[PDB]
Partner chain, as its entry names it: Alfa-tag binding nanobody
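Okay, so here's just one chain, in structure tokens, the form deposited without the partner chain.
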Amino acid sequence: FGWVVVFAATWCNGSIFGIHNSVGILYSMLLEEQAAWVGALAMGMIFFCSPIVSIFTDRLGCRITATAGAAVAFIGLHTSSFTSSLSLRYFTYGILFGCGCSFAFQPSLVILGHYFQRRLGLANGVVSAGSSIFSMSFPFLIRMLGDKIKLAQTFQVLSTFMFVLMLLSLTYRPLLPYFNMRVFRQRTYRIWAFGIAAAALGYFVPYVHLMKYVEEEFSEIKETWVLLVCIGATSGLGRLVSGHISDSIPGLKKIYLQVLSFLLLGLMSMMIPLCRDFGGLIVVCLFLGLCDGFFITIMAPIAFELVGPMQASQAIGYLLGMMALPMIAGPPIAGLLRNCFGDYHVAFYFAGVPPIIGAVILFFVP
């Protein structure tokens, strides 16, 4: 019955981050029929509310919290269709759908620890790999829909994924039996969360500015899309094996194989500006995807390893809360160096440094 929960969490993570990762198409259509920050608000509200979501999880159960969050997300994403004013779309999709996604997603991570302890890394790896499949499908589905239906009906169609998520979150049967600062009482969690938050600043910069760099520098190449394939080809792969490998390494030594990611996640991050040809860029992006998958997958299992399963909910929620600010901050800062220095090179260097600082911080946790 654990794989039923794995399927439910896969649907959750995939739908939430496939609707968010495809936010450009719907709003491009809306312009065709200020606008930038509502998507950032929706994406960051998943992280900001996580400390709040942890308390509701601890009190009401993962099933109840996830079901309520998915219901709120469905309500927001559905009423976003009937809204004709942009101001109402800062609420219905911005804060309402955003908070719904946070309340739906934090229990999605927490529930996997109720069932798997020995193969928890494998379960999270499968969830992340399957979720990447959803994340690389929604961009297409909306572009099929737009050619036949308007944007409002597009929100209505996207709402049934939240409806199905609300139905599926009923499977979070709890086996294991309000501002608790007791999680911060552990120094290892503090240092680990600090390092993760530091790395998150430079984490999202490549997936935002890599396309712009390629279309600006490598103008002779028209088939740039293969790069997004390469990450998609490797990241999900990196999400699978790492999870399995996450089970082979016992205890806090697991953090080392996350540190190993960060350094490479940093190093390749400074290798895009150094690539004079295209094949080198593809090779670098392969390792970038692999390190992305490693960074994504190990996050939850290490929380259970450090703080246990009675406290993993608060640890995950607070970790996402601290992660919230750097993830939003990164790409805007990279755009600032882009505008100032005249190239993305300095942007990628400042994107690659924070992963290295995070690796240095995390190296001393074990």
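Residue numbers count along the first chain shown, from 1. The term rigid core refers to the most C-alpha atoms you can superpose between the two forms while keeping them within 1.5 Å.
Just so it is clear, the following notes concern the form solved in complex with the partner chain, a form of the same protein that is not shown.
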{"item": "Segment that reaches the partner chain in the deposited complex - one of 251-259, 90-98, 127-135, 212-220, heavy atoms within 4.5 Å", "value": "251-259"}
{"item": "Contact flag, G2 vs the partner chain in the deposited complex, heavy atom cut 4.5 Å", "value": "no"}
{"item": "Contact flag, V365 vs the partner chain in the deposited complex, heavy atom cut 4.5 Å", "value": "yes"}
{"item": "C-alpha displacement of 2 Å or more between the shown form and the other one on the rigid core, among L41, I55, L26, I333", "value": "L26"}
{"item": "Large Cα shift (2 Å or above) at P273 between the shown form and the other one, core-fitted", "value": "no"}
{"item": "Core-aligned C-alpha movement of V226 between the shown form and the other one reaching 2 Å", "value": "no"}
{"item": "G130 C-alpha shift between the shown form and the other one of 2 Å or more, rigid core reference", "value": "no"}
{"item": "Change in CA distance between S28 and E215 in the deposited complex, which is 3 Å or more, as closer or farther", "value": "closer"}
